[PDB]
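Presented below, as structure tokens, is a lone chain in the form deposited in one PDB entry.
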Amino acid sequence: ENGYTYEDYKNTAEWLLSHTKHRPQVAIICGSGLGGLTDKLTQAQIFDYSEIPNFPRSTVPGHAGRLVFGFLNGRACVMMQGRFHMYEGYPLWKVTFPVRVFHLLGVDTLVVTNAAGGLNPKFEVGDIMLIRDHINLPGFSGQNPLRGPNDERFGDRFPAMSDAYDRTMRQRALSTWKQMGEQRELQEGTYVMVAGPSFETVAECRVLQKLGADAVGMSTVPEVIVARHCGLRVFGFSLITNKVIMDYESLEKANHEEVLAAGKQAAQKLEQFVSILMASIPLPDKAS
């Protein structure tokens, strides 16, 4: 939590607000290859992290990392193209800083997307997995973005996470997928967050799946945790980029280079699905 003071977040939200006529309701954190979602915004207004007052800049990828305000399928959004990861060096209170400010911007929902490895055998690369749960490996050890002294202005000391991924939004999504006439089913599973940048060995791959994880990635979990601490409605997707877990013959490993496809149709389909799902995010106007 530390590093930043409540006023820090307030000065950043206040600056954004005074700089964009936009008042975001939905915050979207695009995983790798999912940045083109920003292409769908109307009335887009871009802010390079760089420009925003206390916003962590990108460790190299700034030339990808930006904040885009606009409208997506009826919702006022703010998208984070190029999220921060623990592995780049950002302590978790920098990684999740955007979230805390989105909260002060007025954002009430956060849709997190990521590129993950398929641990569930059922999964196929290209698959989209609705996140129904997560295992926060960094959090178990101390790397919980909430670590440090708690600010009741954002939330409780011990926020529950057993209900992090909105059930309703997960039902809607599933329904949206069905009604889309999408044949291949919307997969659902537990995302296990792993830190380090290096990729998993077959042995680690096996602990991850025996732990009950369906997809492994290096992000999402921190942002979710602080979003939920904030009280935001959270739900997200995982784009399965590679498959993992076998030393029967572990030579080629379909290594994430499938990021070429992240600049392809699967990514595109997730972006579309996410865009259609805006219609399922309750308007703050009671929309009932």
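Each form is matched to the other, and the largest set of C-alpha atoms that superpose within 1.5 Å is called the rigid core. Quick note: we count residues from 1 along the sequence shown, nothing fancier. Residues that one form lacks are left out of the comparison.
Only in words, not in the display: the form deposited in another entry, which the text now covers.
Student: Superpose on the rigid core, then tell me if the C-alpha of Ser50 is displaced by 2 angstroms or more between the shown form and the other one.
Tutor: Shift of 2 Å or more: no.
Student: Does the distance between the two CA positions of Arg233 reach 2 Å or more between the shown form and the other one, the core being superposed?
Tutor: After core superposition, the displacement of the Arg233 C-alpha between the shown form and the other one stays below 2 Å, so no.
Student: Under a superposition restricted to the rigid core, does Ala262 display a Cα displacement of 2 angstroms or more between the shown form and the other one?
Tutor: It does, since the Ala262 C-alpha is displaced 2 Å or more between the shown form and the other one after the core fit.
Student: Tell me whether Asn255 and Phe123 end up closer or farther apart in that other deposited form, going by their C-alpha atoms; the shift is 3 Å or more.
Tutor: Note: Cα gap between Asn255 and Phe123 widens in that other deposited form.
Student: Would you mind telling me if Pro121 and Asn255 are closer or farther apart in that other deposited form than in the shown form, C-alpha to C-alpha, with a 3 Å or larger change?
Tutor: Farther: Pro121 and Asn255 separate by 3 Å or more in that other deposited form.
Student: Pull up the moving segments between the shown form and the other one: at least three consecutive residues, every CA shifted by 2 Å or more, rigid core held fixed.
Tutor: These are the shifted runs between the shown form and the other one: 253 to 256, 258 to 263.
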